[PDB]
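In: part one of the complex, left exactly where it sits:
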Amino acid sequence: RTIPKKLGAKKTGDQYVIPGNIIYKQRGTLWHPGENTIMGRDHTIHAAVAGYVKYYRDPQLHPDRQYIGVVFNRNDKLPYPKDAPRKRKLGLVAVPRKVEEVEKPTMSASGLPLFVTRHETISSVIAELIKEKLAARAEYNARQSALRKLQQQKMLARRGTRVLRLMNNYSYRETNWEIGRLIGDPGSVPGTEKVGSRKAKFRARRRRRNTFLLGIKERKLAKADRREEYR
Amino acid sequence: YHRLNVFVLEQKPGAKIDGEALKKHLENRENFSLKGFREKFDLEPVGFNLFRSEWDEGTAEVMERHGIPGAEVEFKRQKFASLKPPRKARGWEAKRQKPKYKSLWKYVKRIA
Amino acid sequence: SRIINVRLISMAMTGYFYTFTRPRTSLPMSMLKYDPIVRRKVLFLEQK
Amino acid sequence: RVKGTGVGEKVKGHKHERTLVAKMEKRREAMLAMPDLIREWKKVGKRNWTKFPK
Amino acid sequence: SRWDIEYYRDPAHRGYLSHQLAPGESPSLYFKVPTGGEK
């Protein structure tokens, strides 16, 4: 004696259903999900919208599948023609908007600061063109260093800031969520981002290769001056 | 999010829409239907592009300048409550939860 | 005996942990998980 | 003149309260060193990682 | 007790022991108001 699984149809055709209601429990897709329907992990079909269950076949979608849908109007018939405009319901209620306004207080009912902030302290014409190329690169290299120095000042101030906030029991401590946002704003995990750029690496690889080859030129030329004196 | 569809439709050769009949079509039309509009002027869609737009911080101020009404209106998702009628609770503990079984409240109250 | 239950301790020193199973004849576990105390994804490492 | 709340006495405090300032700092010191620990973990790799708590 | 003394020591509750406090003083007998600044 096992516990019965009770598989099969839980809603017959034209039966009213609201979102989440199970329509068909199955082992595998005996009936595929169709219009306004969801399939769960175990292939159970649920209504996604309020409406009436409809069992149909869509030869345009799949030649040999049978689907279950949900129509907002009991008199509608599926499958809807592919060229007809989608039938959808708003599903929203109108309410007056909020009158929220920035009214952050400074002191609690006991006269104590809500937050106390502490900061820390610690080749004729080509040469002309190449010069324009070098200047542009040198200009950006100066700008990059003129702005990377700026980022190192905002990070230092942020990571060094300490906003102590009033908590229960008249205690003053830093909240854990603010401690998390010290390293950086949410949205990405600091450290996973690649600090370097692939294009910059290629540029460095060439420069190192040039000095190496050019290094042999100077050493080879230097050796020639020593040989001239010998001869 | 709202979908704003930018449609480009070609007019047939030698077919110039009257400058006054085009500004009359939108009169007293609050559900602009591209299908019907296209069929009346015998146009044909050739190009199209898309870009959406949702509520953002700058939405409220943009409505003020142009006087677009509807700023102080927020939409909340419609909630569907269960359609099952209320039923009396069942179980040994659920029955013996009234002052009658005050001597058995050590088995019925404060259950994890 | 073949499988052990390890504890992945947060490296934010917040005291939150995740428990996953792994075979003994394998390497220690190390994952990037969400620490609900600081509400940020940090590095979790096996206890021992 | 009772212990703690008497004249000329100081409340000792519960231990969670005494080790509060030293507890929030351990979390702050660790988060600041979080970006540098993930960079060393993604560079070295999950298999070659040898540093684990004790 | 500590809790009982602290409840009537703050002006938020209008405690009758609030006159024993200074404007910068806190009601709690253990915690203190940290100072804001860079030093």
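Out: Yes, it's here. Numbering: from 1, shown residues only, chains lettered A, B, ... in the order given.
In: if you count neighbours, what's buried in stretch A:154-173?
Out: Within stretch A:154-173, the residues scored as buried using 16 or more other C-beta atoms under 10 Å in any protein chain shown are A:162, A:164, A:166, A:170, A:171, A:172. Heads up, the C-betas are built off the backbone N, CA and C, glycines and all.
In: who does the residue positioned nearest the centre of chain B bridge with?
Out: Chain B has residue B:75 as the residue nearest its centroid, 7.6 Å off, counting by C-alpha atoms, centre = their mean. In this entry, residue B:75 is beta-bridged to residue A:94, by DSSP bridges.
In: list the contacts for the nearest residue to residue B:104 once chain neighbours are set aside?
Out: Among residues not flanking residue B:104 along the chain, residue B:96 sits closest, at 5.2 Å (C-beta to C-beta, 6 or more residues apart in numbering or on different chains). Residues in contact with residue B:96 (C-beta atoms under 8 Å, 6 or more residues apart in numbering or on different chains) are B:104, B:105, B:107, B:108.
In: just these now: which is nearest residue A:57?
Out: Nearest to residue A:57, judged by C-beta to C-beta, of the contacts of residue B:96 is residue B:108 at 53.9 Å.
In: in what helix or strand does the closest one lie?
Out: Using DSSP states H and E, residue B:108 falls within no helix or strand.
In: go ahead and place RNA strand F:
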RNA sequence: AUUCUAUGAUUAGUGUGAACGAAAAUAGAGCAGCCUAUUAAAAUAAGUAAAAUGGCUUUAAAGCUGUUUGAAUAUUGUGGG
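Out: Let me add RNA strand F to what's already shown:
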């Protein structure tokens, strides 16, 4: 001060459970204080308080106890809770 009755209380609490189960306080019955005790007693208490261990009682305290050990001398803060 003690004793008797009820409430406090199918409570605090204990116990895997089943069950077991206080005290403060309140009300009533009685009321009485003393060592010069209204019938003849203390020069204010040392193998004692207490500790380890084995049991009892019990909520882990207090209380009772066999074995082995073993203190201090008054609010000018000694000793018990």
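In: returning to what we had before: wait, the residue nearest to the centre of chain B touches residue A:91, no?
Out: No - with contact defined as C-beta atoms under 8 Å, residue B:75 does not reach residue A:91; the gap is 9.3 Å.
In: which SS state does the spatially closest residue to residue C:18 that is not a sequence neighbour fall under?
Out: In this structure, residue C:18 finds its nearest non-sequential neighbour in residue C:8, 4.2 Å apart by C-beta to C-beta, 6+ apart. The local conformation at residue C:8, judged by DSSP: H, G, I helix; E, B strand; the rest coil, is strand.
In: near RNA strand F, which residues of chain B? Just list them.
Out: Taking C-beta under 7 Å from any atom of the strand, the part of chain B that reaches RNA strand F is made up of B:102, B:103, B:106, B:107.
In: out of those residues, which is most surrounded?
Out: Within the residues of chain B next to RNA strand F, most neighbours by other C-beta atoms under 10 Å in any protein chain shown means residue B:107, with 12 neighbours.
In: that one is in contact with residue B:94, isn't it?
Out: No - Residue B:107 lies out of contact with residue B:94 (C-beta under 8 Å); the separation is 11.8 Å.
In: from the contact counts, what lies against the longest helix anywhere in chain A?
Out: Longest helix of chain A, by residue count under DSSP state H: helix A:124-160. Packed against helix A:124-160 by the contact rule (3 or more C-beta pairs under 8 Å, 6 or more residues apart in numbering or on different chains; DSSP states H and E) you find no helix or strand.
In: attach RNA strand G to the model above:
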RNA sequence: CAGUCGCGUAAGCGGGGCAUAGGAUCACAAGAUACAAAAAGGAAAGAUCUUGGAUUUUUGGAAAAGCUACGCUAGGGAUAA
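Out: Time to bring in RNA strand G:
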């Protein structure tokens, strides 16, 4: 829905596995919570949240071998002479 991460041009998808075969409480242990703290300041022992060790395999969860032709009592006669 809030929080914040991955993948994707985008739409979007993701709260393990194509579906159907792995038991609580108590006790105990490791983290967090800051609730209460038996005169008071602490603490112990409790409380909430997360998690772990179970042929708890009689798997809604006892630490458990037989004989009686000398048998006893209360019953049924599920047919047992």
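In: and the buried residues of stretch A:154-173, now that RNA strand G is part of it?
Out: A:162, A:164, A:166, A:170, A:171, A:172.
In: gap between it and the chain center?
Out: Put simply, stretch A:154-173 sits 28 Å off its chain's centre (C-alpha atoms, centre = their mean, to the nearest Å).
In: could you export it as CSV, CA atoms only?
Out: Taking Å, rounded to 0.1, in the frame of the first residue of the first chain, the C-alpha atoms of stretch A:154-173 are listed here in CSV:
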residue,chain,number,x,y,z
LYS,A,154,37.3,59.4,-3.1
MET,A,155,37.9,55.8,-2.2
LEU,A,156,40.2,56.8,0.7
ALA,A,157,37.6,59.2,2.0
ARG,A,158,34.7,56.7,1.6
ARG,A,159,36.6,53.7,3.0
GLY,A,160,37.7,56.0,5.9
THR,A,161,34.3,57.4,6.8
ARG,A,162,32.5,56.0,9.8
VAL,A,163,28.8,56.9,10.3
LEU,A,164,27.8,55.8,13.8
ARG,A,165,24.1,55.5,14.2
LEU,A,166,21.8,55.4,17.2
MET,A,167,20.5,51.9,17.9
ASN,A,168,18.6,50.2,20.6
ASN,A,169,19.7,50.6,24.3
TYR,A,170,21.2,54.0,23.5
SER,A,171,24.2,52.4,21.8
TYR,A,172,26.2,53.8,19.0
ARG,A,173,27.6,51.4,16.3
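In: distance of residue A:42 relative to residue B:11?
Out: Computed as C-beta to C-beta, to the nearest Å, the residue A:42 to residue B:11 distance reads 56 Å.
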